Amino acid sequence: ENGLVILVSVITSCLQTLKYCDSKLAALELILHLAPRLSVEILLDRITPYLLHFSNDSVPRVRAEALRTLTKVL
Amino acid sequence: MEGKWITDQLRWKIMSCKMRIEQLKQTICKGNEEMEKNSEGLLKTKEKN
Amino acid sequence: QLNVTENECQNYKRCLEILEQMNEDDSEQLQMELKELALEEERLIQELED
Amino acid sequence: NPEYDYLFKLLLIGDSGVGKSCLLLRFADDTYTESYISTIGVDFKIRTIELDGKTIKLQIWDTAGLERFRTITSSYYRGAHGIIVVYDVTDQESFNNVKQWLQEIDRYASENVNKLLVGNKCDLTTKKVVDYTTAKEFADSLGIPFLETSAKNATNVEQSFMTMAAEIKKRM
Amino acid sequence: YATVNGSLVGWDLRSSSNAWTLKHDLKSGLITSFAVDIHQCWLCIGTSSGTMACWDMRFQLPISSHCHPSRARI
Amino acid sequence: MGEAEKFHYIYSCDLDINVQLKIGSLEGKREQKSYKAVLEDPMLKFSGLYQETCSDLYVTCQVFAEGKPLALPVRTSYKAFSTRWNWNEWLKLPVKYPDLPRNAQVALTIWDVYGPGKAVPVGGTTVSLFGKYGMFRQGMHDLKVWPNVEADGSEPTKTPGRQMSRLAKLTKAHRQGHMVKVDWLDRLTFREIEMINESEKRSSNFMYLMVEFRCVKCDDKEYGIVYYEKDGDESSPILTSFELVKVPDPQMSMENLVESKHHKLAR
Amino acid sequence: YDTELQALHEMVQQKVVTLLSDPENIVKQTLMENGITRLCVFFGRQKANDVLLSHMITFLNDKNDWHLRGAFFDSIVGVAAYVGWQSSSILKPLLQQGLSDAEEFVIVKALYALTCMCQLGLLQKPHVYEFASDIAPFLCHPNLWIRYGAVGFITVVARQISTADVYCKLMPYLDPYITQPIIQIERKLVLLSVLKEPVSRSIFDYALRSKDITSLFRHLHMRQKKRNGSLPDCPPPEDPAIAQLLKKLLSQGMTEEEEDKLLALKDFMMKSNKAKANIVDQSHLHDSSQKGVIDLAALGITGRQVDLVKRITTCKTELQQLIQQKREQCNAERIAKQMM
Ligand SMILES: Nc1nc2c(ncn2[C@@H]2O[C@H](COP(=O)(O)OP(=O)(O)OP(=O)(O)O)[C@@H](O)[C@H]2O)c(=O)[nH]1
Ligand SMILES: [Mg+2]
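Residues numbered from 1 in each chain as written, not as in the entry; some residues may be left out. Chains lettered and ligands numbered in written order. Part of a larger assembly, values for the part shown. Heavy atoms only, no water.

Method of structure determination, per the deposited record: cryo-EM was used for this entry, reaching 2.73 Å resolution.

In structure tokens form, the structure reads like this:
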């Protein structure tokens, strides 16, 4: 999990430019699976900014899942 | 109530038994209908065989 | 409140009257009725097992 | 044609277990049986009758009443000159669904198809729940003829088809 | 095509699979000949004992089996 | 002679209305009345199985996707049953067509009274909401009910609702008019299907819950609901050049959200 | 901490009120089944009563959605327990309203809520007996959910009260609906096995469904007086509707004992009949739903069409496969129908 923060910025660098609902949902699944394996510093400082982003997503399913993921991560 | 409670436990023990007597009776009645059905099925299947 | 409490006492007193006025059922008389049915149940369970 | 004057296609519709099959068998074969064999798909029997001096060949069609074998679209109403909506007089739900069955008639049958509300099982007088007045008022509001028939004891089964055949003939 | 062991197989040529298979009742007889409806609605199988058995090709189930009165091969 | 052959459809993501499911009838017999079990459990005599031929069953419809429920279960309104289970009730589901993913199912559980404050599942059945090529299911469907279990909403469901199986479909196609009509042949063939059906009734204790899906109509047209996502036509303008920009960066000209979170918490 | 804690309480408190006033009942419903009792800690024992509980109480006014009325009773026990005894006064009339609901599944939910609130000691001592008196007639209700929900309440009440109160207060209510007065009625098995037969569903429905239900019970009450000797004789019905209804009831098997149970349920059936009649007045508007047809004219959605006679997203590819299948099916039917 020491190298995980290197993979996290691979994922989070995609999230502001995703187009399809499936890739925004898969992006959310990844965050949820990695969340227990990252430090609270990575969760709050790095991943929360990108869950509040999907909360403002155009797709209602994406917004709905962003909150559901955020709740489980926090 | 102490006197009625004792007698009322029995009144339930009796009534509860009655329900098991009824059920067990009809269970035999159903258990015996499968006798005539499956024994007759046994017969017909033995002549058929 | 005094009326409610007095009514409660009247109720319990009446029920005490009913419980005392009725003859306490003979446990023996009901118990034989239970024992006769216990014999029937067991005699039957044997039949069911067969 | 020397074989017959008119050929009327009659259709029997209604809920499962109302006696659509038994009415058909009581009319075409003059038989009754308690053995229920849910109709699937479509069946038909042919009986030729005498009516007003004319020879009428009736092809009476029996249909599945079970929802499991029914669909929204229904091809069977096509080409039918008359439709018998059978309900079980002992079964209120069957009578209630007559409205549903009439909507299927209205949207799938001919615009001028003839209709007939039949309350079968009138021989079950102790179990009857739908009164003759309740059904007669309902049928009269819609103008469709109404009979209470019984396939079990042949009560009024012939006249229900004779009525339909006569009404269709009056229409032709 | 019909086979000696009672299977009347429908082989699709533009594929390699069967469109259908009809297991003829060899109690009836050996298939000697069969005919198919020009409307492709039903078929009739003629057997060596005179049985001619009909199949509904729309539903693929047998519907009739009339036998010759002398049980003469078809 | 016939209306035209045009296929009309609406995207599921464009039909912003609640899904509605009709609960029709529950055909079939229940698990008899095993009086062996009642001697072991006396509470079992006080259950719908043993109190009426048709207990007043109810159905709960819940929509699941990816093994998770999309919203709460919806229950059929009370209907007193005497000789047949026929709810005939349209249930407005808490999910809309835009809300439904491609693997959305409806898990339908038939429930019965089991003593005070306890419902037992009579059976369960699950059917996918979209078909094999992503069209919302239409019309009347008969679903296999799995005895003594709740409908499973997991992916894949262990209680799928979808000889008589094949024939019923052909029978429905015949009744709708899709199969060619041949009177002499239909008369003979359906008697055999009836024999098959009766044999299956006696052979198995199967139950079917017939359900119906609403029809989308506009100007007497029929629209199928096909699964789509908004922007599903946005074929990405992908281009294979790497003359200067060898290493594309997706976050390239994007707000730094970790700095804005910090700005919002310090300033 | 006191400021941050109160700010957090106000933030959550505003979002719960926002969700309890949602335009969709499913949102209000969803909020109740997830954690409304857990959110009571943010409101506090007093605002949970003043704000949160008052909001939930309005859910019972929704007479066109029984699911919301049922969801209120599934969650009222947690809020009532949290608010404490000050909520028993406001909820007592609402719980009685829940027992005369138009949907019998809301009665079962109200019965259950009463059961749980009795288990928790939330029902005041005198109010426990008033609910027992009103719930006793359900022991003969044709609906088994209601009948067994009533058994659930009565057994719980008997456990809460002393054995003296069981014989002296609760048993008097149960004697009409019990074949044999057993003091062990705290056990579900004991009560269930001593129940009398319920009113027949058919007979119950005939009486319940009659428009003149009030005049029916008025007459049925006089038939009982002749039975009880309180009258020398009972004249036939004075109204042709009651005459027709009474002969329908007697012919359909209405026993003298079912008349007595129907008279015990009289209060429940008149209020329940009244609730159903109120909703029916509004039901005249919402009739198109029963028909299986959706009309697009209410939204004007983009309808699309293809002729079946002539990256890529997964849904786009799958549409083309569906349209291909549609073209093939119509062609197949056309050819098949052409051969015949
Ligand atoms: N007493 C009585 N019973 C009848 C009468 N007609 C039919 N039945 C019974 O009801 C059953 C159902 O009758 P069917 O004719 O098979 O009913 P159906 O309308 O054909 O039902 P489906 O074929 O499934 O649509 C029969 O098996 C009989 O036992 C009747 O006139 N009187
Ligand atoms: Mg039939």
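Continuing now.
1. A look at the sheet that holds strand β3 (residues 31–36) of chain E
Pairing between sheet strands relies on hydrogen bonds along the backbone, with the strands arranged either parallel or antiparallel. With respect to topology, four strands assemble into an open sheet ordered β3-β4-β5-β6 (chain E), the strand pairing being antiparallel. Edge positions in the sheet fall to β3 and β6 (61–67) of chain E, since each has one partner strand and no second. Across the sheet, the axes of successive neighbouring strands diverge by a mean angle of 20°, strand direction being ignored. Of the pairings in the sheet, the one linking β3 of chain E to strand β4 (residues 42–47) of chain E comprises five bridges and is antiparallel in character. When the sheet's bridge partners are listed, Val36 of chain E is paired in β4 of chain E with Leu43 of chain E. Sitting on the sheet, helix α4 (residues 183–203) of chain F is in contact with β4, β5 (51–56) and β6 of chain E, with an inclination near 110° to β6 of chain E. (Pairing = 2+ DSSP bridges. Helix = DSSP H or I, 4+ residues; strand = E, 2+ residues; numbered from the N terminus. Axes fitted to C-alpha atoms, helices over the stretch in contact; angles between N-to-C directions. Contact = heavy atoms within 4.5 Å.)

2. Here we look at helix α6 (residues 125–135) of chain G
Turning to α6 of chain G, its buried residues number three or more, namely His127, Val128, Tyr129, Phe131, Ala132 and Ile135 of chain G. Looking at the buried side of α6 of chain G, the elements it contacts are α4 (88–99), α5 (104–119), α7 (144–160) and α8 (163–174) of chain G. (Buried < 20%, exposed > 50% of the residue type's maximum accessible area, 1.4 Å probe, protein only.)

3. Quick look at the packing of aromatic side chains
This model, assessed by the stated rule, comprises 29 aromatic pairs over all chains. Taking the centre distance of 4.6 Å and the plane angle of 35° together, the rings of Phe44 of chain D and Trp61 of chain D count as tilted. You can see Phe44 of chain D sitting in strand β2 (residues 42–51) and its partner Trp61 of chain D sitting in strand β3 (residues 54–63), a full 17 residues away along the chain. Owing to a relative accessible area of 4%, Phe44 of chain D belongs among the buried residues under this scheme. Judged by centre distance (5.3 Å) and plane angle (45°), the ring pair of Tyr132 of chain D and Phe146 of chain D falls under tilted. On the criterion of sequence distance, the pair formed by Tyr132 of chain D in helix α4 (residues 132–142) and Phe146 of chain D in strand β6 (residues 146–148) is long-range, its members being 14 residues apart. Judged by relative accessible area, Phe146 of chain D falls into the buried class, the value being 6%. If you follow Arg187 of chain F out to its NZ or CZ, it ends over the ring of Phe44 of chain D, 4.1 Å from the centre. (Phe/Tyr/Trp six-rings, centres within 6.5 Å; stacked < 30°, edge-to-face > 60°. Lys NZ or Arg CZ within 6 Å of the ring centre and 35° of its normal.)

4. Digging into the coordination of the magnesium ion (ligand 2)
Residue and element names in this part refer to chain D. Coordination of the magnesium ion (ligand 2) by the protein involves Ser21 (OG), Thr39 (OG1) and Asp62 (OD), with metal-donor separations of 1.8 to 2.3 Å. Every donor residue of the magnesium ion (ligand 2) comes from the same chain, spaced as S-x17-T-x22-D. Here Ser21 is found in helix α1 (residues 20–28), whereas its partner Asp62 is found in strand β3, with 41 residues between them in sequence. We classify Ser21 as partly exposed; its relative accessible area is 25%. (Donors = N, O, S within 2.8 Å, 3.2 Å for Na, K, Ca; no water.)

5. Points about the packing of helix α3 (residues 40–54) of chain A against helix α4 (residues 60–73) of chain A
All names here are of chain A. Remark: α3 packs on α4, axes separated minimally by 8 Å, with the N-to-C direction vectors making an angle of 155°. By the angle class used here, α3 and α4 are roughly antiparallel. The element α3 and its partner α4 pack so that their crossing is left-handed. Counting all contacts with α3, which are made through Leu43, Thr48, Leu51, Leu52 and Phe54, the residues of α4 involved are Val62, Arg63, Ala66, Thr69, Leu70 and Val73. For the contact of α3 with α4, the class distribution of residues is eight nonpolar, two polar and one charged. (Parallel < 35°, antiparallel > 145°, perpendicular 65-115°, else oblique. Left-handed = near helix turned anticlockwise from the far one by under 90°. Nonpolar A, V, L, I, M, F, W, Y, C, P; charged D, E, K, R; others polar.)

6. What about the packing of helix α3 (residues 164–176) of chain F against α4 of chain F?
Residues and elements named next belong to chain F. Between α3 and α4, the shortest axis-to-axis distance is 11 Å and the interhelical angle comes to 140°. Comparing the axis directions of α3 and α4 gives the class oblique. Every pair of crossing elements has a handedness; the one defined by α3 and α4 is left-handed. Touching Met164, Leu167, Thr171 and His174 of α3 are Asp186, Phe190, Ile193, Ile196, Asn197 and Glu200, all from α4. Split by residue class, the contact of α3 with α4 holds five nonpolar, three polar and two charged.

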